[PDB]
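Accompanying notes for the structure given below.
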Amino acid sequence: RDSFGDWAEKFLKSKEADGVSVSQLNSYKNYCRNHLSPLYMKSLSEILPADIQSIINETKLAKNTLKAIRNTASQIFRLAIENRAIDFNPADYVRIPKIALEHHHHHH
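Residues in the sequence shown are numbered consecutively from 1, following our numbering.
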């Protein structure tokens, strides 16, 4: 009975009350709204570890951004674990792909 959107909104409000910068707070909101959008409408029990990994596959941005998305999710799941809504953190099972060749591709 615990939707990711529920806990995400609480996490957002939590950090807003914690005293983070508005731009920073809006960053969290953007992560859960845009990237974790499919998850936001799902329940914690309906969220798959490989499903989050799929979001990382579809999100094609810089390393820092990819990890930031996952880190944000991890913190949200941790909050859920605090209330014991979910029993584990699938986001911490998500690994950030390091597809990196020393030789340049098309973009020099």
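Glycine included, each C-beta is placed from N, C-alpha and C at the ideal position.
Under the DSSP assignment, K13 falls in the alpha helix (DSSP H) whose first and last residues are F4 to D18. Within the region 43-87, the runs of alpha helix (DSSP H) at least 4 residues long that lie entirely inside it are, in chain order, 49-58 and 63-82. In the three-state reduction of the DSSP assignment, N89 falls in the coil class, being assigned neither a helical nor a strand state. In the assembly as shown, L48 is an exposed residue. Its beta-carbon has fewer than 16 other beta-carbons within 10 Å. With respect to the 8 Å criterion, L36 and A73 are classified as neighbours on the basis of their beta carbons. The Cβ-Cβ distance between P97 and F77 does not fall below 8 Å. The Cβ atoms of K15 and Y28 sit closer than 8 Å to each other. In the DSSP annotation of this structure, the continuous segment of the alpha helix (DSSP H) that includes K29 starts and ends at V22 to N30. In the assembly as shown, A17 is an exposed residue. Its beta-carbon has fewer than 16 other beta-carbons within 10 Å. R1 has its alpha-carbon roughly 47 Å from the corresponding atom of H107.
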